[PDB]
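Asks: Have a look at this one.
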RNA sequence: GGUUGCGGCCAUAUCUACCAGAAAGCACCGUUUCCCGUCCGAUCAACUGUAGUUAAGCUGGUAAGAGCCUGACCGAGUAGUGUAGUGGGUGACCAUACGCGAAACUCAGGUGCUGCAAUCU
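See the structure below:
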């Protein structure tokens, strides 16, 4: 299995599994969400990201073992129901390889493994949590840095959970009635759409 | 499950078919063909003979087509026919032949081709296209729009054709879809065509119902027994009309009764008005406040 | 309010599907031609099934469309065979309905042992006036909501006339 | 082995000429134009020639 | 093997449009292309006959000929080092009138009147166009408009 | 203003659900002798405008509507990018300088207009 330095940079065009490539191995990271993924939005206010600072590809192989450290560390310290890691990066891109008699006559590659192309500032990992936990999350993510190549840097967000609302904005909107909790993620009452449809849901609003 | 197929996605993506098409009004596939003239003729218009049988009326216009929006040269409605004699049956074959024949004579008066191109005066129901006169102007050439109506051997549309043809227009056409054409032989029974020109096919159905079933003969034809116009006088009505048209078809408009402005003011009572942005917000605000205390 | 929404039988259809193509077919054709009076039409398949045992474009299932007075009389002959007792099903959500019988021997006629025995898919379409609206060429359009022949209303129409029942 | 294609230098080469325009002319070749039109445009020109002779009198 | 067939690489160029398939609006066919008219060339997938070669998409020519369903259009295409005039034979449906000539023709009609008005009144004209000049001097008021002290902001996360 | 005929641009015109329509017109609507077409006068054909009706169509109006459009120092002068450097950076890429400059997003407003001909309390 080829050392990651080969495929590290984002060189070739995004070449995915399709009705041309068809043949490809599976990913390693076949599972993205961890811990208490069923948890409610209000439970885990504090998002800590792990953000690229680099325009590098990430082999699935790494992404699994990065995920498995932040899994295995956070679960060790604060437990399984402590947090929700969501990997926000999907090995779609396929890496080829010129395996080998012909030399370089007809040297186009067969598929080797998947990789997840990652721009600068792009989130990779994100662990929502209670603000109490923070360090025990981070310190897991600091271990998952060691699995990845290049550079990335963990960043405590000023956004509620994964919710695009900021920490203050969310609290304003929630303690009103504009927010209702769905399963995963918060749905917002608009000022738009059929009112009957908007009244049935969000009965806490309008009162 | 059910199926679910009118998501935002659908609408956003969906293409509105023109509007005429959407109001099942017209065949743009045939408009393409019918309207577009030789570009090497340039601005010369291509006049096209609109013929439309509404439920209980005929409308016949000779139309030119522009980018602007197709313009009318002359218009003959069947409801203008009682000024020439015909009260009863204004969706017949004969009525068509009236409206058709009249069209020619409307237009030909408004093109200065009255005297030359009189059309078929005698009317034997003989198949004759209006041949041109040597060393003179040619006849006004109109192509028939059937449109989204069907053409079926012996339909009224071709009445209005044959009228216009026999009224002086050159309208390129063929024989077969006139009635009395032998399906099993390339021929015309010219006697059977006269009859349709002079409501003769109607005067036969008059004649049969006189003896047999006087139930429907009093139901239908109430116009005929009221005016005391019996079967065999129908020919003379259409005959005299044709001549009456040939005389003086130059179009009088209606007496009006009430001005445009009076009309509008009267219809404007019934049309409902829209609402300001605030007036909708007032309704929504009222709807919101109706559900804060629950009832 | 209710004046013109009169709700009458637009067409009655008698399908006799058979799985082959020959004598059995042409007899089943004759049956309808004697039943309905009108010369029925032989439909053809879309694709070869094998298991059922038909090839594509082979033609066998015969149907006939009937409308007006004669349909009303044939319906009444059919519902006699069901005993004026359909189901809560046997009723389209589209306000139409049918009821399949075995053996054409019922509703008058004879056994006719030479011609053979055949069931008959009765299916009836309830359409209110202003159904031309849709089928007319110049200026087609969809029928309004208030005028859509419904399951609930047709059933009540069917309970009203023909002293019939819903059963389930 | 040997290199296959290029267009290197190839514009630079073209601008040593100049990239000289078509040049254009009053009276372009009526060759190619609709023969129906052409035919009558001859009689047209036959007509106008005769008329300019008549005006010189 | 390489390929360069008549409609090579058109995937998107003739791809009809979005939400504008099917029948062509009838004004298209009405428009009168006299000889000398200047015309641009957009292909129209739909209309397969008389379709211009993928080159001339975009290109803008002159009408040298008109006929039954079609104009001739001379487009001078560059080729190597020397523009060969090329005579197309396109159906109307692949043409549009050139708006660039329309604007110019108007500007002539104005330049007729600006001269006719001026010579009648008192000669003085100035009636070319002129490229937007350097802005002239002016007073700008602080009254009801006191200038805001901006500053570059500190870098926050996002 | 309403309606009809033919139209132009082709959703500001589509769609969904619910209301209103005087006049005329439209329509649905009645009939099968004839021309005509079907398995079936449903469609198409013809005949009547008579027996009936605005139920449907059609039109108009309503909806914190879907869609559609239009706009905005709404996002974003961002992303991208043309040119410049003996600028940075191991590199990956990035920062600047002169330039051009999006899209989602956010909010606001709108929801057919219009030509010719004819007709209507």
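Protein chains in written order, with UniProt numbering: chain A, 3 to 102, 112 to 218; chain B, 3 to 297; chain C, 6 to 173; chain D, 3 to 59; chain E, 2 to 159.
Cβ atoms here follow ideal geometry from the backbone N, Cα and C, with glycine treated the same way.
Check each candidate in C:55, C:17, C:126 and C:18 and name the one with the smallest Cα separation from residue 24 of chain C.
Replies: C:55
Asks: Report the rounded CA-to-CA distance for residue 163 of chain B versus residue 148 of chain B, giving the unit in angstroms.
Replies: 10 Å
Asks: Of all Cβ atoms in chain B, is any one closer than 8 Å to the Cβ of residue 143 of chain C?
Replies: yes
Asks: Verify whether the separation of the beta carbon atoms of residue 76 of chain A and residue 172 of chain A is less than 8 Å.
Replies: no
Asks: Look at the alpha carbon of residue 149 of chain E and the alpha carbon of residue 180 of chain A, and state the distance between them as a whole number of angstroms.
Replies: 28 Å
Asks: Of all the options B:59, B:239 and B:60, which has the alpha carbon lying nearest to the alpha carbon of residue 205 of chain B?
Replies: B:239
Asks: Could you please give the first and the last residue of the uninterrupted alpha helix (DSSP H) stretch that includes residue 61 of chain E?
Replies: Unbroken run through residue 61 of chain E is the beta strand (DSSP E), 61 to 68; no alpha helix (DSSP H).
Asks: Kindly indicate which three-state DSSP category residue 49 of chain A falls into: helix, strand or coil?
Replies: strand
Asks: Flag this pair as yes or no: are the beta carbons of residue 100 of chain C and residue 127 of chain C separated by less than 8 Å?
Replies: no
Asks: Say whether chain B places a C-beta atom closer than 8 Å to the C-beta of residue 218 of chain A.
Replies: Cβ-Cβ to chain B under 8 Å: yes for residue 218 of chain A.
Asks: With DSSP as the reference, identify every bridge partner of residue 71 of chain E, one or two as the case may be.
Replies: E:68 and E:92
Asks: In the DSSP assignment, find the beta strand (DSSP E) that holds residue 190 of chain A and state where it starts and stops.
Replies: 190 to 192
Asks: Just by C-beta distance, which residues in the segment 38 to 71 of chain B are closer than 8 Å to chain E?
Replies: 38, 40, 41, 42, 44, 45, 67, 68 and 69
Asks: I need the DSSP call for residue 15 of chain C, collapsed to helix, strand or coil.
Replies: strand
Asks: Under 8 Å between the Cβ atoms of residue 90 of chain C and residue 169 of chain C?
Replies: yes
Asks: Between the segment 19 to 37 of chain B and chain C, which residues of the former have a C-beta closer than 7 Å to a C-beta of the latter?
Replies: When CB distances to chain C are screened at a threshold of 7 Å, the residues of the segment 19 to 37 of chain B falling below it are 25, 26 and 27, in chain order.
Asks: Under 8 Å Cβ-Cβ, which residues of chain A neighbour residue 158 of chain E?
Replies: In chain order: 166, 168 and 169.
Asks: For a contact defined as C-beta to C-beta under 8 Å, what are the partners of residue 88 of chain E on chain D?
Replies: 34
Asks: Roughly how many whole angstroms lie between the Cα atoms of residue 10 of chain E and residue 26 of chain A?
Replies: 29 Å
Asks: Identify which residue in B:75, B:76, B:74 and B:93 has its Cα closest to the Cα of residue 83 of chain B.
Replies: B:93
Asks: Nearest to residue 77 of chain C by CA position, among C:30, C:35, C:59 and C:163, is which residue?
Replies: Of the listed residues, the one whose Cα sits closest to residue 77 of chain C is C:163.
Asks: Whether or not the segment 80 to 97 of chain E and the segment 47 to 56 of chain E are in contact is what I'm after, with contact meaning three or more pairs of Cβ atoms, one per stretch, closer than 8 Å; do they touch?
Replies: As far as the Cβ criterion goes, the segment 47 to 56 of chain E touches the segment 80 to 97 of chain E, which means the pair count is three or higher.
Asks: If you compare alpha carbons, which of A:24, A:85 and A:78 is closest to residue 39 of chain A?
Replies: The shortest Cα separation from residue 39 of chain A among A:24, A:85 and A:78 belongs to A:85.
Asks: Taking 8 Å as the threshold (beta carbon to beta carbon), is residue 200 of chain A in contact with chain B?
Replies: no
Asks: Can you give me the C-alpha to C-alpha distance between residue 3 of chain A and residue 74 of chain A, rounded to a whole angstrom?
Replies: Spanning the two alpha carbons is a distance of roughly 25 Å.
Asks: May I ask which residues mark the beginning and end of the alpha helix (DSSP H) holding residue 203 of chain B?
Replies: 202 to 213
Asks: Counting pairs of Cβ atoms below 8 Å between the segment 22 to 38 of chain D and the segment 77 to 84 of chain E, do you hit three or more?
Replies: yes
Asks: If you measure between the beta carbons of residue 12 of chain A and residue 58 of chain A, is that distance less than 8 Å?
Replies: Taking 8 Å as the Cβ cut-off, residue 12 of chain A and residue 58 of chain A qualify as a contacting pair.
Asks: Between residue 2 of chain D and chain E, is the shortest Cβ-Cβ distance under 8 Å, so that the two count as touching?
Replies: Given that chain D is displayed from residue 3 to residue 59, the structure contains no residue 2 of chain D and the question cannot be resolved.
Asks: List, in order along the chain, the chain E residues whose C-beta lies closer than 7 Å to that of residue 17 of chain B?
Replies: What residue 17 of chain B touches in chain E, judged by beta-carbon distance under 7 Å, is 20 and 22, going in chain order.
Asks: First and last residue of the alpha helix (DSSP H) that includes residue 114 of chain E?
Replies: 100 to 122
Asks: Tell me the rounded alpha-carbon separation between residue 171 of chain C and residue 66 of chain C.
Replies: 30 Å
Asks: Here's the rule I'm using: 16 or more other beta-carbon atoms within 10 Å means buried, otherwise exposed. How should residue 223 of chain B be labelled?
Replies: Label assigned to residue 223 of chain B: buried.
Asks: Any C-beta of chain C sitting closer than 8 Å to the C-beta of residue 150 of chain B?
Replies: yes
Asks: Within the 8 Å Cβ cut-off, does residue 141 of chain E reach chain B?
Replies: no
Asks: Counting only Cβ pairs nearer than 9 Å, list the residues of chain B close to residue 210 of chain A.
Replies: 289, 290 and 293
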